[PDB]
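Ideal geometry is used to build each Cβ from the backbone, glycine not excepted, and the neighbour counts take in all protein chains shown. A short reminder: the numbers here are calculations on the coordinates, not readings from a lab.
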2 protein chains.
Amino acid sequence: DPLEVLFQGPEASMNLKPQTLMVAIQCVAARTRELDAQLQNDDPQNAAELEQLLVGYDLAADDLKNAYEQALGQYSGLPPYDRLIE
Amino acid sequence: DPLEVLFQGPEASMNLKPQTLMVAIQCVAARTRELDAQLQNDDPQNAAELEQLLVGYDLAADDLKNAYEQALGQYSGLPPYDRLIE
């Protein structure tokens, strides 16, 4: 993804259990939905910070999704991504 | 101890941006607090499922923390781990 590496740099190697990717995905989706509902009526300075944080949350969720899609090919018994976030 | 592996299996090789690990740590902590709070007002019916979900969330938080401790020795300018979960 061209513009993405430009803004955030490349993937890095790390070690995590597959379960941890599932948890990270649920919690990041959960927190994002909550914070989404908190934009409506903030003072302008605070809303800016919140918007800037959500940029980071959304990209992270994207990053975790890509990793999960690979994981769907390397393990057995993982729920489909769509079930994970719902 | 391990233990650990007996119960949760080994670490797997993953590719994620370092930011993504930071965002995941932050959201897992935030979300775990919120669910801890909900527990105080759950009947035992729902409580047991939620308790069992939290075992998972907590183990993943530990898994994420270990990865971050490694990260603190692989990259420059990372915040202290406590600033992520505050």
**Report entry** Every residue from segment A:55-80 that is under 12 Å from the mean Cα position of the chain (by Cα) and hydroxyl-bearing (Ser, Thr, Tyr)
**Finding:** A:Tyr57, A:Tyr68
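Out of everything in segment A:3-54 that is among the basic types (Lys, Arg) and within 16 Å of the chain's Cα centre (by Cα), what residue ends up being nearest to B:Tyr75 (Cα to Cα)? Show your work before the answer.
Of the residues in segment A:3-54, the ones among the basic types (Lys, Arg) are A:17, A:31, A:33.
Among the residues that remain, those that are also within 16 Å of the chain's Cα centre (by Cα) are: A:31, A:33.
Values: A:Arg31: 26, A:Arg33: 30 Å.
Residue satisfying both the conditions and the ranking: A:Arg31.
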Report summary line: All-but-one check, A:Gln70 against (1) of a type outside the set (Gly, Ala, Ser); (2) within 24 Å of B:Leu84 (Cα to Cα); (3) free of Cβ contacts under 8 Å to residues at least 40 places away in the same chain; (4) at the interface with another protein chain (Cβ under 10 Å from one of its Cβ atoms), failing number (2)
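Are any of the residues in segment B:34-47 acidic (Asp, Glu) and within 9 Å of chain A (Cβ to nearest Cβ)?
First, pick out the residues of segment B:34-47 that are acidic (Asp, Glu): B:34, B:36, B:42-43.
In the following step, the residues that additionally are within 9 Å of chain A (Cβ to nearest Cβ) were identified as B:34.
For segment B:34-47, residues acidic (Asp, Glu) and within 9 Å of chain A (Cβ to nearest Cβ): present.
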